[PDB]
Ligand SMILES: [Ca+2]
Ligand SMILES: [Ca+2]
Ligand code: NA
Ligand code: NA
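Protein chains in written order, with the entry's author numbering: chain A, 35 to 100, 105 to 161; chain B, 162 to 196, 200 to 307, 322 to 482; chain C, 322 to 482.
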């Protein structure tokens with residue numbers, strides 16, 4: 035009947051927290067759901083088997099007054119094997135991922151890059 | 162006439178409980194939503213002064229499955245502005261792509277959630293405002323494309339100029355205030371009361387909005403000193419969404435537009451400013467109601 | 322950031338009318354405009370609930386809004402206030418970011434025993450409008466002065482003082 039875990043955490047600056055999954059199996063289906071419980075955080079949840087650092091070029095995407107959906111889509115799709123953007127529940131802060139091969143994987147729990155204001159667009 | 166609003170529909174197949182007011186969902190599904201779509205398109209010429217250089221317009225309400233197109237164009241040789249679309253929260257859904265010739269910055273989007281509630285942005289953030297008059301044609305569409327401010331007709335009349343403080347540069351006046359305004363979201367359904375009219379008495383538009391938890395055109399006398407003595411205060415709401423406010427009042431107002439330099443041969447301005455307390459994008463004054471003589475001629479009285 | 326720092330408020334003031342001076346009782350009255358803007362992440366508004374950038378609390382005292390929200394805010398008092406103040410267009414705005422602002426046109430009566438009328442009419446005077454916080458330095462402090470409008474507004478004909 036499925037197996038479930040709970041976690042609570044804090045995204046401090048925008049930069050995310052890593053959770054390690056050892057002994058993942060070929061075929062097994064990972065379900066992840068990330069809900070805001072305080073602050074203005076719009077969640078981003080993702081999966082990767084290799085630890086290469088998202089903060090630096092996500093930092094570089096912020097620097098661009100550039105469109106952006108395409109720029110962020112391209113970066114995300116390249117850095118994560120599967121990913122999803124909080125958008126409350128409208129963007130269904132949640133994914134389903136079937137594990138391609140045996141090994142240790144890591145899920146990323148953090149912030150997306152969004153605009154919050156109507157008075158100016160500064161994401 | 163035809164009537165409007167929201168409803169709860171209970172459908173039952175071999176279920177006598179449904180005609181008794183009793184809808185608890187049960188059993189196998191038999192029914193749902195039955196069927200290009202319908203389109204809606206709007207003009208507006210937006211204008212971008214030194215005063216106003218970012219502008220946003222809240223869209224009204226797209227069904228999952230709906231496509232949104234928008235195009236800006238220069239009126240004179242004014243610069244191509246930055247265009248984008250966004251949700252009510254400000255998360256971006258699109259950007260403006262400047263076109264093949266380079267005369268129109270166009271943008272495109274079709275809709276995800278069972279409510280998409282979109283917001284269009286255009287900015288003249290790009291350069292220093294040289295004479296502050298570059299103006300644009302904005303085209304918009306889905307497939322009343324923009325949700326509009328409901329329109330209030332305000333009226334005022336004065337019965338007595340009852341005090342003038344020459345030292346402190348203020349005065350006092352007695353008068354009558356009326357606002358009438360048609361908002362469907364106000365709508366009273368008649369069988370509850372058994373009447374055409376619902377009355378709220380002895381309270382401030384503000385207070386009634388709070389009680390009802392909806393938006394209303396609240397206001398303040400701009401230069402009011404302290405408190406105002408308001409009598410025959412009332413707000414009327416009919417079923418239709420037609421609404422009215424009536425208030426005789428006695429208010430004390432600061433007017434530093436006084437100059438007493440050529441006293442007694444001076445002349446003066448008594449200005450009674452009534453501002454709203456909500457932006458232009460929700461309510462605006464649209465008409466002036468001459469509901470009575472504006473200034474009430476008792477001439478013997480005489481001081482001013 | 323290993324020690325907990327006071328969040329930093331930028332306050333601003335401007336006067337529109339010097340409307341009363343009581344020379345006997347050594348006080349005066351003034352009409353003006355008060356603004357405090359201050360960034361506190363702890364009332365972060367998440368946008369999809371309201372469907373807006375802005376959350377507004379209107380017609381109440383920072384104190385009262387803190388009480389309603391049950392969190393800490395930079396409340397203040399005009400220091401030498403006599404009796405009550407007539408406050409209009411009162412409001413406090415909070416965006417998602419934790420950026421917050423207070424706006425209040427007011428009409429207040431202030432005790433100034435810094436009056437000396439010894440060389441009347443050749444006397445000169447100080448109208449001081451002191452705005453203290455009501456919370457210590459270790460929670461909130463004033464960090465900037467906002468020149469949001471002309472501080473004193475030049476109508477020169479008016480003339481008494
Ligand atoms: Ca003294
Ligand atoms: Ca004057
Ligand atoms: Na009089
Ligand atoms: Na005076």
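Each residue gets a CB set at the ideal place from its N, CA and C atoms; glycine is no exception.
Strictly under 8 Å for the Cβ-Cβ distance: is residue i near chain B by that measure?
i: residue 154(A); result: yes
i: residue 106(A); result: yes
i: residue 410(C); result: yes
i: residue 338(C); result: yes
i: residue 161(A); result: yes
i: residue 331(C); result: no
i: residue 372(C); result: yes
i: residue 482(C); result: no
i: residue 80(A); result: no
i: residue 125(A); result: yes
Pull up the DSSP beta-bridge partners for residue i, would you.
i: residue 278(B); result: Note: residue 278(B) sits in no beta bridge, so no partner.
i: residue 134(A); result: 65(A)
i: residue 341(B); result: 350(B)
i: residue 82(A); result: 144(A)
i: residue 262(B); result: 269(B)
i: residue 121(A); result: 80(A)
i: residue 298(B); result: 212(B)
i: residue 418(B); result: Paired residue(s): none; residue 418(B) is not in a bridge.
i: residue 206(B); result: 304(B)
i: residue 470(C); result: Residue 470(C) pairs with nothing; no bridge assigned.
i: residue 435(C); result: Answer is none; residue 435(C) lacks a bridge partner.
i: residue 57(A); result: Answer is none; residue 57(A) lacks a bridge partner.
i: residue 448(B); result: Paired residue(s): none; residue 448(B) is not in a bridge.
i: residue 159(A); result: Residue 159(A) is not bridged to any residue.
i: residue 235(B); result: 270(B), 303(B)
Taking only beta-carbon positions, decide if residue i is within less than 8 Å of chain C.
i: residue 48(A); result: no
i: residue 157(A); result: yes
i: residue 73(A); result: yes
i: residue 439(B); result: yes
i: residue 253(B); result: yes
i: residue 167(B); result: no
i: residue 346(B); result: yes
i: residue 128(A); result: yes
i: residue 281(B); result: yes
For residue i, decide whether its Cβ has a neighbour in chain A, counting only Cβ atoms nearer than 8 Å.
i: residue 434(C); result: no
i: residue 300(B); result: no
i: residue 199(B); result: Coordinates for residue 199(B) are lacking, as chain B steps from 196 to 200 with nothing built in between.
i: residue 536(C); result: There is simply no residue 536(C) to check, as chain C begins at 322 and stops at 482 in what is shown.
i: residue 248(B); result: yes
i: residue 475(C); result: no
i: residue 358(C); result: no
i: residue 256(B); result: yes
i: residue 218(B); result: yes
i: residue 418(C); result: yes
i: residue 369(C); result: yes
i: residue 362(C); result: yes
Flag residue i as yes when its Cβ comes closer than 7 Å to any non-hydrogen atom of ligand 5, and as no otherwise.
i: residue 349(B); result: Among the ligands in the structure shown, ligand 5 does not appear; only ligand 1, ligand 2, ligand 3 and ligand 4 can be found there.
Taking Cβ positions, are residue i and residue j nearer each other than 8 Å?
i: residue 285(B); j: residue 250(B); result: yes
i: residue 352(C); j: residue 432(B); result: yes
i: residue 437(C); j: residue 449(C); result: no
i: residue 455(B); j: residue 378(B); result: no
i: residue 74(A); j: residue 453(C); result: no
i: residue 197(B); j: residue 364(B); result: Position 196 is followed directly by 200 in chain B, which means residue 197(B) is not present among the coordinates.
i: residue 502(C); j: residue 467(C); result: Given that chain C is displayed from residue 322 to residue 482, the structure contains no residue 502(C) and the question cannot be resolved.
i: residue 76(A); j: residue 152(A); result: yes
i: residue 124(A); j: residue 82(A); result: no
i: residue 259(B); j: residue 96(A); result: no
i: residue 201(B); j: residue 307(B); result: yes
i: residue 426(C); j: residue 331(C); result: no
i: residue 246(B); j: residue 256(B); result: no
i: residue 375(C); j: residue 402(C); result: no
i: residue 205(B); j: residue 336(B); result: no
i: residue 66(A); j: residue 130(A); result: no
Where are the alpha helix (DSSP H) runs, 4 residues long or more, that stay fully inside the segment 357 to 415 of chain C, in chain order? 368 to 371, 383 to 390
Spell out a yes or no on whether the segment 131 to 147 of chain A and the segment 51 to 66 of chain A are touching, meaning 3 or more CB-CB pairs, one atom from each, closer than 8 Å. Flag = yes, the segment 131 to 147 of chain A and the segment 51 to 66 of chain A touch.
If contact is defined by three or more beta carbon pairs under 8 Å, each pair taking one atom from either stretch, is the segment 374 to 384 of chain B in contact with the segment 407 to 424 of chain B? yes
At least 3 beta-carbon pairs within less than 8 Å: the segment 279 to 295 of chain B vs the segment 332 to 342 of chain B: no
When you compare the segment 360 to 375 of chain C with the segment 472 to 479 of chain C, are there three or more beta-carbon pairs, one atom per stretch, that lie closer than 8 Å? No: fewer than three Cβ pairs fall under 8 Å.
Would you call the segment 292 to 305 of chain B and the segment 204 to 213 of chain B touching, i.e. three or more CB-CB distances under 8 Å? A contact between stretches requires three or more CB pairs, one per stretch, nearer than 8 Å, and the segment 292 to 305 of chain B meets this requirement with the segment 204 to 213 of chain B.
Any chance the segment 267 to 284 of chain B sits against the segment 225 to 236 of chain B, with 3 or more Cβ pairs inside 8 Å? When C-beta atoms of the segment 267 to 284 of chain B are compared with those of the segment 225 to 236 of chain B, three or more pairs fall below 8 Å, so the two segments count as touching.
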